[PDB]
Amino acid sequence: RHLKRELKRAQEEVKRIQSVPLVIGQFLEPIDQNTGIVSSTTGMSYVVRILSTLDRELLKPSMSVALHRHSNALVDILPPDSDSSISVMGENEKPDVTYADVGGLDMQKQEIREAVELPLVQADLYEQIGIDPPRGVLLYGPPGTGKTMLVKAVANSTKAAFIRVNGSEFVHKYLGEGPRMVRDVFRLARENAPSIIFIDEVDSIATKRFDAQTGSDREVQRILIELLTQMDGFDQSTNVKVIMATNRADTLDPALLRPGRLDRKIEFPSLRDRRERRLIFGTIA
Amino acid sequence: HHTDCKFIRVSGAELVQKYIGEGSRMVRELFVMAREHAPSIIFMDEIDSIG
Amino acid sequence: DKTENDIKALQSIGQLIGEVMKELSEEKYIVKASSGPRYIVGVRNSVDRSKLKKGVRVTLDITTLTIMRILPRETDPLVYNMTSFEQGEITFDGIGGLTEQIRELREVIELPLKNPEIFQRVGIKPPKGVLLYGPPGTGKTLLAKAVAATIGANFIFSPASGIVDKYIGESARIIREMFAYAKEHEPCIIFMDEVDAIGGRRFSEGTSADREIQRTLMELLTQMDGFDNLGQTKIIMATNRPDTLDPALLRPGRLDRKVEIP
Amino acid sequence: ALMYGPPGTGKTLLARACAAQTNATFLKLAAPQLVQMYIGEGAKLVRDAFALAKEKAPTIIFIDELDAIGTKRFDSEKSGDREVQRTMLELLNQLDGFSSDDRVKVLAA
Amino acid sequence: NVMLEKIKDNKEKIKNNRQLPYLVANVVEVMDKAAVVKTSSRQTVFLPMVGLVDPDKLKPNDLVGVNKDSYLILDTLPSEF
Amino acid sequence: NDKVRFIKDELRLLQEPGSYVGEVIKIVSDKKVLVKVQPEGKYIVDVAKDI
Amino acid sequence: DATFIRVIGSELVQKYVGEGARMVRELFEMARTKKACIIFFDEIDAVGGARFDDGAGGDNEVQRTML
Amino acid sequence: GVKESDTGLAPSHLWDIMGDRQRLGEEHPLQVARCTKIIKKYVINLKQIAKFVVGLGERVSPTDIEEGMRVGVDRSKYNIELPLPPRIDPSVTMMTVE
Ligand SMILES: Nc1ncnc2c1ncn2[C@@H]1O[C@H](COP(=O)(O)OP(=O)(O)OP(=O)(O)O)[C@@H](O)[C@H]1O
Ligand SMILES: Nc1ncnc2c1ncn2[C@@H]1O[C@H](COP(=O)(O)OP(=O)(O)OP(=O)(O)O)[C@@H](O)[C@H]1O
Ligand SMILES: Nc1ncnc2c1ncn2[C@@H]1O[C@H](COP(=O)(O)OP(=O)(O)OP(=O)(O)O)[C@@H](O)[C@H]1O
Ligand SMILES: [Mg+2]
Ligand SMILES: [Mg+2]
Ligand SMILES: [Mg+2]
């Protein structure tokens with residue numbers, strides 16, 4: 073009965089170490105399970121003991137985590153929903169464009185209701201036939217085709233989480249900032265599945281020619297390599313794999329467009345016919 | 204797959220290269236990685252249809 | 089007292105600024121410091137939990153690290169130097185003999201600014217965007233002074249070659265903060281002067297400087313038109329040769345009027 | 218005021234002799250210096266050759282050569298003219314009227 | 056004679072902090115009354131401004147010295163070149 | 052009794068003055084190892100009596 | 268028995284413009300400090316070409332190091 | 068192996084008497100810096152980017168401190184100890200001299 077007093081005084085001690093002030097690192101992988109490798113957010117690797125009596129159920133896949141200050145020890149885990157680069161936008165109000173303002177481009181509208189909308193609501197039609205749904209969606213054309221207008225149209229009607237970012241949000245400016253944000257975006261999406269991820273322009277990141285003689289080429293390049301390895305993990309999750317767009321498709325790096333990441337290429341014509349130009353006039357009129 | 208070759212598709216892609224950062228002068232290093240990990244098929248697709 | 093006020097400062101110390109990156113729970117908030125690493129901290133109880141939100145700047149303790157209180161938004165030191173130039177002003181007149189062209193720039197700027205009730209009824213989305221181009225030596229620049237004096241809305245004269253800096257990713261973060269700035273202080277007009285610097289096209293096979301342009305230009309493209317569409321910003325752009333420009337800046341619907349000064 | 222023509226006409230020799238003789242503060246500048254290899258250090262060198270010159274105003278900046286930045290070529294197709302031309306245009310901004318520069322002159326050879 | 060030794064008292068302290076060495080930083084903004119400086123060690127600190135230093139000299143961008151040990155605006159210096 | 056004595060000692064074990072991940076560039080037959088700390092620069096430093 | 272300073276004129280070239288500007292400056296000072304020197308530039312047909320202006324190439328890096 | 072062969076040889080044992088009392092002195096290190104502005144006190148810019156105002160040393164003449172010159176400063180509280188010759192860009196120019 074005396075030792076039940078002593079188990080309580082030892083339990084108190086350790087809960088104070090769990091709590092604030094803490095720096096936030098990331099868990100890469102275990103080397104045992106009582107010891108792991110974390111990269112702090114100073115751009116260095118540390119080998120740290122792991123507080124036994126913790127959940128490794130979400131821990132083993134790479135995911136944010138809390139560390140102690142001087143001690144440097146993993147004293148608790150953080151939700152993959154928490155410490156994210158961007159709050160989801162599916163909870164904010166919906167984009168202002170609806171399908172009444174889409175006029176023409178009716179040919180690309182039947183290839184986007186199939187590729188995006190149908191695999192979220194009904195995963196069970198694809199699997200029972202035995203076909204694999206298209207993975208990533210690419211949009212490309214001249215810079216006026218109103219690519220973004222079609223994406224807003226599909227964002228109002230689905231009423232599922234949305235995550236909207238750019239490809240200069242990932243811009244390098246601290247050490248190791250660029251690789252860190254790519255992890256946060258793919259882990260939020262699995263957590264609140266289903267969802268549609270849009271990267272608006274990705275013309276600067278995908279470069280056909282690197283030389284890697286300057287630091288700024290080594291940050292662009294670490295980001296892009298990380299982006300391929302996270303599109304692989306993203307397979308077999310209800311989320312329809314990342315939509316992305318480019319204005320000039322002829323700078324596109326070859327590993328990105330390769331199958332296993334992007335499969336569909338929705339070209340956006342600009343000639344069109346007389347029945348599809350009429351509609352564009354009719355909604356602006 | 205039957206012979207148990209490492210299928211290294213080489214291509215002109217510098218995304219994978221990070222140690223020298225260009226394959227214009229990489230010869231010995233591709234050999235010395237593929238000689239360790241023999242057997243190997245270096246699948247040199249030279250495009251030669253770029254206009 | 090003048091030597092005594094210094095002794096009362098000396099016992100104080102700097103208090104590291106951050107902003108609230110994201111609510112974790114009720115009693116823990118994550119800040120992103122300005123040195124770098126994100127922390128998880130506690131709160132003074134002077135301030136409610138509803139007064140805080142994600143994106144308010146907070147000061148932090150030296151070493152204990154606790155939110156002390158909410159601060160207003162920090163303003164860049166660069167966006168105070170740009171507001172200053174207005175020296176050289178002149179009123180309506182600019183290029184005499186082209187008072188018809190002076191009215192065409194007011195159709196875009198001064199008429200929906202003062203009275204937005206004329207563009208509500210007609211139903212065309214409000215304009216924005218003007219490019220000025222002509223033979224060099226013609227006073228593209230004298231007209232910019234004419235439309236910044238008289239309107240009296242906030243003016244920011246941002247030379248394009250005067251925001252490229254040694255640090256890279258710092259010429260993106262600055263120019264993002266300026267479009268926010270023009271929404272807060274509305275109505276506001278952003279005069280990009282000598283856009284021939286960041287007028288490089290696709291390229292990105294040459295030097296690494298040619299990829300600093302392209303990366304700083306993609307961010308001006310999705311910030312101007314994307315999901316983002318800031319309603320209280322107007323852009324006036326001065327360029328000499330109007331064929332440097334990347335074919336994404338030639339492009340109507342970015343830029344309503346494409347004025348040629350003769 | 219610009220000095221141009223054939224070599225040998227003592228362009229560089231006269232300018233120096235007459236700018237030190239009249240006790241007007243003569244700054245020595247050579248255009249090949251404004252060319253730099255860092256990204257955005259040439260734009261920071263022009264504003265700093267200007268900021269010094271507004272204090273001692275009036276003063277003479279003598280540019281020996283001007284073909285280092287004076288390329289007509291700034292519509293170019295994959296060249297290092299995109300970094301050079303950025304210090305020519307930061308010139309034209311730091312040559313526009315905003316007062317406290319109404320009193321800086323220029324020679325250029 | 057009792058008041059004059061209170062001014063000397065303060066000032067001999069003030070003479071020790073004023074001399075070298077002190078970091079050099081610039082003024083992001085004067086928030087007023116408070117001065118926010120971004121240093122050349124590339125962080126930021128919110129400080130109670132030194133009132134012996136006027137709020138007239140402190141304008142946005144100014145180049146000021148800052149004490150490393152306690153981040154206080156020590157004195158003013160003419161903008162470098 | 053075992054349990055309240057696992058916690059009291061786990062409080063000592065969790066305290067780490069510091070621990071890195073390096074990588075062996077090359078050994079030298081001085082009984083020293085040239086290890087690159089992986090973000091920084093290099094350091095030549097000998098082995099403990101554990102290896 | 269005067270200090271001889273050999274240069275290769277095709278040693279200056281790099282991709283980063285005015286990279287051979289730095290070199291040419293500092294070499295010129297290093298020769299100014301020692302008294303009695305001789306600065307022997309071999310093979311200056313590269314960086315010593317005619318005055319021309321192609322209007323489209325990369326003669327713009329080359330002509331920096333000459334000016 | 069290289070079996071423990073390190074330069075020095077037979078005279079470096081007499082050097083061990085002289086060089087152990089100096090090696091502990093802070094004579095070294097002097098973090099090498101470079102002046103950006105003489106303000107008629145002195146302004147150095149470290150090569151890490153972080154600016155400091157320093158002052159005279161033990162007995163240095165005020166003529167030594169020149170514009171754009173490198174100087175060595177005390178490792179802890181920064182103060183000029185020993186000025187040092189200029190520019191660290193010369194080194195690709197000393198291998199060209201035959
Ligand atoms: N079918 C249409 N119906 C009505 N309006 C249209 C149509 N197509 C294009 N537009 C008009 O053209 C504008 C610009 O296109 P949008 O905003 O979709 O950008 P984008 O072409 O994808 O540009 P970015 O190159 O930056 O990706 C729209 O805001 C819209 O007003
Ligand atoms: N229309 C005009 N009315 C009165 N003065 C003028 C006019 N146009 C030019 N000027 C004079 O020419 C000077 C310089 O012209 P300005 O710099 O405005 O031309 P620009 O087209 O902007 O050329 P650049 O930007 O190529 O230097 C003016 O400061 C002013 O004295
Ligand atoms: N008009 C002149 N009267 C007397 N001497 C002259 C004259 N022109 C040139 N010289 C002599 O020629 C020398 C070289 O001239 P300098 O090199 O200064 O002229 P420049 O026009 O700038 O030629 P460049 O720059 O093409 O070499 C002068 O130092 C001077 O001795
Ligand atoms: Mg778009
Ligand atoms: Mg102008
Ligand atoms: Mg001359």
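Chains as they are written, first to last, in PDB author numbering: chain R, 73 to 357; chain V, 204 to 254; chain Z, 89 to 350; chain L, 218 to 326; chain B, 56 to 87, 115 to 163; chain Y, 52 to 102; chain E, 268 to 334; chain F, 68 to 107, 144 to 201.
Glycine is no exception: its CB is placed at the ideal position from the N, C-alpha and C atoms.
Asked, Found
"With 16 other Cβ atoms within 10 Å as the buried cut-off, status of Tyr222 (chain V)", "exposed"
"Beta carbon of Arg281 (chain R) nearer than 8 Å to that of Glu293 (chain Z)", "yes"
"Near ligand 6: residue 200 (chain L) beta-carbon under 7 Å from a heavy atom", "Within the shown structure, residues of chain L are numbered from 218 to 326, placing residue 200 (chain L) beyond reach of any answer."
"Residues near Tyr77 (chain B) in its chain [Cβ-Cβ closer than 7 Å; skip 5 each side]", "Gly147, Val148, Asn149, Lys150 and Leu156"
"Per-residue contacts from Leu294 (chain E) into chain F (C-beta, under 9 Å)", "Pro193, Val195, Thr196 and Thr199"
"Through-space distance from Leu222 (chain R) to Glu348 (chain R), alpha-carbon basis", "15 Å"
"Nearest residue (CA-CA) to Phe128 (chain B), options Z:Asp313, Z:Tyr127, Z:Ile150 and Z:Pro125", "Z:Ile150"
"Beta-carbon separation (whole angstroms), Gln311 (chain Z) vs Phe267 (chain Z), contact threshold 8 Å", "6 Å"
"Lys228 (chain Z) CB to nearest heavy atom of ligand 5 below 7 Å", "yes"
"Interface flag, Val79 (chain B) vs chain F, CB-CB below 8 Å", "yes"
"Beta-bridge partners of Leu148 (chain Z), as assigned by DSSP", "Z:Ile155"
"Under 8 Å between C-beta atoms of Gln180 (chain R) and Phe340 (chain R)", "yes"
"Short CB-CB distance (under 8 Å) between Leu159 (chain B) and chain F", "yes"
"Pairwise C-alpha distance: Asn65 (chain B) and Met58 (chain B)", "11 Å"
"Cα-Cα separation, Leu279 (chain E) to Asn327 (chain E)", "14 Å"
"Distance between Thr158 (chain B) and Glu201 (chain F) (C-alpha atoms, nearest Å)", "51 Å"
"Reduced DSSP category for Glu84 (chain B) - H, G, I as helix; E, B as strand; rest coil", "strand"
"Start-end ranges of the beta strand (DSSP E) lying completely within the segment 188-250 of chain Z, minimum 3 residues", "218-221 and 242-247"
"Inter-residue Cα distance where the pair is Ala260 (chain Z) and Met220 (chain L)", "41 Å"
"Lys83 (chain Y) beta carbon less than 8 Å from that of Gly73 (chain Y)", "no"
"Cβ-heavy atom distance, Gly227 (chain L) to ligand 3, below 7 Å", "yes"
"Touching by the beta-carbon criterion (3+ pairs, under 8 Å), the segment 227-247 of chain L and the segment 278-298 of chain L", "yes"
"Cβ contact check for the segment 97-117 of chain Z and the segment 137-145 of chain Z: 3 or more pairs under 8 Å", "yes"
"Assigned secondary structure, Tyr222 (chain V) (DSSP; H/G/I helix, E/B strand, else coil)", "coil"
"Short CB-CB distance (under 8 Å) between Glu74 (chain Y) and chain R", "no"
"Inside the segment 112-198 of chain R only - beta strand (DSSP E) runs reaching at least 3 residues", "117-121 and 135-140"
"Spatially closest choice to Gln250 (chain L) from L:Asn240, L:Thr239, L:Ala237 and L:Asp265, by CA coordinates", "L:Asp265"
"Element boundaries [beta strand (DSSP E), containing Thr270 (chain E)]", "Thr270 to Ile275"
"Extent of the continuous alpha helix (DSSP H) to which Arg81 (chain R) belongs", "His74 to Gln90"
"Cβ-based contacts, 9 Å cut-off: residues of the segment 289-307 of chain Z near chain E", "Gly294, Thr295, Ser296 and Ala297"
"Neighbouring residues, chain Z, relative to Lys282 (chain E) (Cβ below 7 Å)", "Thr295"
"Contact test: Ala278 (chain R) Cβ vs ligand 1 heavy atom, cutoff 7 Å", "no"
"Spatial neighbours of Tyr171 (chain R) in its chain, beta-carbon cut-off 6 Å, leaving aside the 5 residues before and after", "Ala225"
"From F:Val146, F:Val157, F:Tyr181 and F:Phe155, residue whose alpha carbon lies closest to that of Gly171 (chain F)", "F:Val146"
"Among F:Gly86, F:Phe155, F:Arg90 and F:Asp83, nearest to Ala100 (chain F) - alpha-carbon criterion", "F:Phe155"
"Between the CA atoms of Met316 (chain R) and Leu211 (chain R) - distance to the nearest angstrom", "7 Å"
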